[PDB]
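Using the numbering used here, read the sequence shown as starting at 973 and increasing by one per residue. Okay, structure first, notes after.
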Amino acid sequence: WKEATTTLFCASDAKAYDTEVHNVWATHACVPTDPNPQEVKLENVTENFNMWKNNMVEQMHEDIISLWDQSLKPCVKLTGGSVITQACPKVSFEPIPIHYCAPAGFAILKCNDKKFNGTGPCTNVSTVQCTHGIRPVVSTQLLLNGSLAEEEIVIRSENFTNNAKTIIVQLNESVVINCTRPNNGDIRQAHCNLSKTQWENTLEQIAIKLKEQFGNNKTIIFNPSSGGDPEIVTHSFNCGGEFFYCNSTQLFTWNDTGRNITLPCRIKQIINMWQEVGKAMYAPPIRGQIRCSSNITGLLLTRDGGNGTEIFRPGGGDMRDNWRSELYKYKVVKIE
Ligand SMILES: *[C@@H]1O[C@H](CO)[C@@H](O)[C@H](O)[C@H]1NC(C)=O
Ligand SMILES: *[C@@H]1O[C@H](CO)[C@@H](O)[C@H](O)[C@H]1NC(C)=O
Ligand SMILES: *[C@@H]1O[C@H](CO)[C@@H](O)[C@H](O)[C@H]1NC(C)=O
Ligand SMILES: *[C@@H]1O[C@H](CO)[C@@H](O)[C@H](O)[C@H]1NC(C)=O
Ligand SMILES: *[C@@H]1O[C@H](CO)[C@@H](O)[C@H](O)[C@H]1NC(C)=O
Ligand SMILES: *[C@@H]1O[C@H](CO)[C@@H](O)[C@H](O)[C@H]1NC(C)=O
Ligand SMILES: *[C@@H]1O[C@H](CO)[C@@H](O)[C@H](O)[C@H]1NC(C)=O
Ligand SMILES: *[C@@H]1O[C@H](CO)[C@@H](O)[C@H](O)[C@H]1NC(C)=O
Ligand SMILES: *[C@@H]1O[C@H](CO)[C@@H](O)[C@H](O)[C@H]1NC(C)=O
């Protein structure tokens, strides 16, 4: 079998009666999943995997972009010199698991190694028809509603010596963060709550995996975002069709030397688009309480670099990194 680039088709459990945009897009661009997927483990076979050059990350990415271009209609969209204005009605926004599968003559390989670091060989390979349900969660600094690692915290980078490369952290235990726009004074003011002690344990367990990649003479320190667009400066995401911008300063101030962490949040109308370079405008925040509990299953940090003391700051920006943390243990091959 050889790795080829084909036209994938997505599968989903989308209800036709649900008017939530993901359920509507998936009842249009996807197919009903198979209740009994046949995963066949390959005997005595070792294959090469590369998550950093996977095509499925691309086709998924374009599908999410095409999804958003039909789902979240902005009032004003501004790209390089051109202006796009249209109706901007608020909708139901709750990401549904999207399964990706291979066409006829093709199959999907799956690495089952418990320590797989992203690139290299694999001794435990199987062949499934469709990938697992990947919730297309668009967020920064922290990954959400994703798939946890089976064993330990498997940090992954394209080049660890390269400080410009994003290290995608995959947790083995999740932390639940509850974000809330109180009903009520300020319709843009919101917040999020998570366990303070549960969070300091993650920063500690991660700082051990970081001493296994850069040396045990290193002192791991976590600092906030350096600068840039608020999308990567704060923990930006989308809860209830609203774009939250949670200041994660308290999340990224740590050293090895209350009980709840409350992140000050802000519902913003103007968004720096991730699909392409530009800006988008949406209607003012809706009425009532906007709230959704999420599971922090992964991270997106970076390294400063440039001796002894290693500083790590929250990253993000490229939503392909979001897909890779789910589409790493996979590849498309052509069966003869
Ligand atoms: C993968 O190989 C076998 C299952 O096929 C298993 O015994 C072994 O522990 C796995 N490898 C790792 C990384 O543990
Ligand atoms: C969870 O991760 C911790 C270290 O971060 C590890 O010690 C533990 O074995 C993991 N739990 C399981 C059951 O994978
Ligand atoms: C890894 O990153 C370093 C620093 O950017 C670079 O000099 C080196 O060429 C890279 N190594 C690889 C894998 O080519
Ligand atoms: C988050 O809300 C969940 C229910 O969704 C609850 O179990 C938990 O106590 C809340 N956590 C925090 C830190 O508020
Ligand atoms: C690094 O580890 C070696 C191991 O013996 C130790 O001698 C040395 O003091 C350490 N150096 C630093 C930079 O901490
Ligand atoms: C949020 O972070 C900003 C700087 O990024 C800081 O000035 C502010 O004090 C933080 N808010 C709170 C209440 O922690
Ligand atoms: C580092 O650790 C000390 C003691 O826990 C704490 O008071 C201080 O705020 C921390 N500051 C950093 C991140 O250097
Ligand atoms: C995670 O999933 C839950 C349940 O669908 C949802 O309420 C929440 O908004 C999701 N989080 C994000 C940021 O997509
Ligand atoms: C968090 O999400 C997982 C699967 O994504 C789900 O099983 C679980 O019920 C959710 N909440 C928690 C922390 O149990």
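We treat Cβ as the ideally placed atom computed from N, Cα and C, and that holds for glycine.
Check                                                                                                                                                                                      : Outcome
May I have the straight-line CA-CA distance separating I1258 from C1237, to the nearest angstrom?                                                                                          : 16 Å
Hey, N1150 and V1126: beta-carbon distance below 8 Å or not?                                                                                                                               : no
Going by DSSP, what residue range makes up the beta strand (DSSP E) through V1055?                                                                                                         : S1054 to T1057
Judging by CA-CA distance, which residue of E1130, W1226, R1275 and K1306 is the nearest neighbour of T1091?                                                                               : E1130
So is the beta-carbon of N1173 under 7 Å away from any non-hydrogen atom of ligand 7?                                                                                                      : no
Can you confirm whether the segment 1070-1082 touches the segment 1096-1108 when touching is taken to mean that 3 or more C-beta pairs between the two stretches lie within less than 8 Å? : yes
My assumption, with CB atoms under 8 Å, is that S1220 sits in contact with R1285. Please give the rounded CB distance.                                                                     : Not really, about 11 Å apart at Cβ, beyond 8 Å.
Just to be sure I understand the criterion: a residue counts if its Cβ is closer than 6 Å to at least one heavy atom of ligand 3. Which residues meet that?                                : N1131, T1133 and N1134
Quick one: Cα of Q1241 to Cα of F1215, how far?                                                                                                                                            : 8 Å
Below 6 Å CB to CB, which residues in the same chain sit around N1227 once its five sequence neighbours on both sides are set aside?                                                       : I1193
Below 8 Å between beta carbons: does that hold for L1115 and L1235?                                                                                                                        : no
Considering only heavy atoms of ligand 9, does any lie closer than 7 Å to the CB of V1148?                                                                                                 : yes
Would you call the segment 1105-1121 and the segment 1200-1212 in contact, with 3 or more CB pairs under 8 Å?                                                                              : yes
Does the beta-carbon of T1229, which I'm using as the reference point, lie nearer than 7 Å to any heavy atom of ligand 7?                                                                  : yes
If we ignore side chains and look at the alpha-carbon of each, how far apart do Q1222 and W1171 end up?                                                                                    : 10 Å
Can the beta-carbon of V1048 be found less than 8 Å from the beta-carbon of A1252?                                                                                                         : yes
Classify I1139 as buried or exposed, calling it buried when 16 or more other Cβ atoms lie within 10 Å of its own Cβ.                                                                       : buried
Check whether the Cβ of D1041 sits closer than 7 Å to any heavy atom of ligand 1, and report yes or no.                                                                                    : no
Take every Cβ of the segment 1064-1075, pair it with every Cβ of the segment 985-1002, and state whether three or more of those distances are shorter than 8 Å.                            : yes
By DSSP, does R1231 sit in helix, in strand, or in coil?                                                                                                                                   : coil
Is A998 helix, strand or coil when you go by DSSP?                                                                                                                                         : helix
Taking the C-alpha atoms as reference points, what is the distance between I1106 and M1032?                                                                                                : 10 Å
Please state if the CB of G1250 and the CB of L1273 are separated by a distance shorter than 8 Å.                                                                                          : no
If you draw a straight line from the C-alpha of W973 to the C-alpha of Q1010, how long is it?                                                                                              : 19 Å
Please report the residue range of the beta strand (DSSP E) in which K1087 lies.                                                                                                           : Where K1087 is concerned, there is no enclosing beta strand (DSSP E), given that its DSSP letter is neither H nor E.
Roughly how many angstroms lie between the CA atoms of residue 1314 and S1265, to the nearest whole one?                                                                                   : Summary: the structure shown does not reach residue 1314, with the chain confined to residues 973 through 1308, and so no result is reported for it.
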